[PDB]
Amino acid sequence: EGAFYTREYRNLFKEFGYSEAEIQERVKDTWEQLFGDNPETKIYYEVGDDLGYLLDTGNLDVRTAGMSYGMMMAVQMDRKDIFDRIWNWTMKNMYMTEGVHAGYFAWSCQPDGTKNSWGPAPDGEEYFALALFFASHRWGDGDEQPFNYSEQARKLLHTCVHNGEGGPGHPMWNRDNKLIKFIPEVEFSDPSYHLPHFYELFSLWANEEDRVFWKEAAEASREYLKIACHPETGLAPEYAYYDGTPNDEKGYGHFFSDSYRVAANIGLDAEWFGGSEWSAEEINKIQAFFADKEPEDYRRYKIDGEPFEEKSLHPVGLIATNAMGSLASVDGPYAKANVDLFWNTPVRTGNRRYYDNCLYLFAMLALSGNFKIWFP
């Protein structure tokens, strides 16, 4: 049974032989390298006394996926000061009140707050919502907007499900198949965006009128991942049609950056809501695929395993996600090896560090039993 039921989180690092003291130190150090004043590794920057943001170092912009990740990291680390700085920046510069996507958050902004687009990114919205629910549960709702956390979360999820009903807007989930979309105006998805474990919680905390829907979305996403992951390699494409096959119209039909999160998501869902034969086998497939491959040689791969000459742009992130996936197959043949590889991998430096480091901290929290569900 998952932690949702037992309220006990597996410390896989400890189960694999690492000492409690060294694990505590490593988690704290990872956080400090990302959120502290460590120039070469940091991804979080503070502005004034009430603002802050996470910088996509590779694209030199601020993204909702990153900001929502930051809020989730902050609430897991019990750092309301950082959570509020990020959420404040998000509401001030990213929330849209005009255009067809009013009610959603502009997905990319410049560091000064200027919006680079008026289009949103569903994976950002879903993380904002759960992070907000967790904030409400750990610290209680604030007296002034936008710090009335739980209300903000329910409001956002209302839009995600009902936008378009009486307006030109579009929902972020297809109402018929209950699957999250890549973006509001298209009819295809992105495997890495599927968070059934998040939807399970939304079915308990979202507006009551949508709780049944969220339970159905959780089930739909679990079934979707089964048809999206290659049967032999376990690799999932970045973008995929609702039928599960890759959408490579613009080059996103292979195993690359977005895809890495699938293994991590499967690992967290297993830890929170229980393991499954499919999940264990899926993680075993992915880890088996990388068992004989060196990180320095990781490439972009077709989901069937065929390698491209192009190297992985975020190999550290790949390592982190594969290790986090071990939570779904603790007795897997490569589970220990993956966790050890991750432990032996330093936080990334350089201009492409942002994505790797976000995945790195999530894996550090999950593998140490610190990526928890915060109940009311």
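Numbering starts at 1 and runs along the sequence shown.
The deposited model assigns a higher average Cα B-factor to 304 to 312 than to the other stretch when 304 to 312 and 62 to 70 are compared.
The stretch with the higher mean CA B factor, choosing between 202 to 210 and 258 to 266, is 202 to 210. Across the residues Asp248, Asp190, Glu165, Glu125, the deposited record lists the maximum Cα B factor for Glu165. Per the deposited record, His170 carries the highest C-alpha B-factor of all listed residues (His158, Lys181, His194, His170).
Among the modelled residues of its chain, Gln145 has a C-alpha B-factor that falls in the highest third according to the deposited record. Looking at the C-alpha B-factors along this chain, the one for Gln24 belongs to the middle third. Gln287: CA B factor lies in the lowest third for its chain, per the PDB record. Ranked by C-alpha B-factor against the other modelled residues of its chain, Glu238 falls in the lowest third. Residue-level temperature factors show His101 in the lowest third of its chain, judged at the C-alpha atom.
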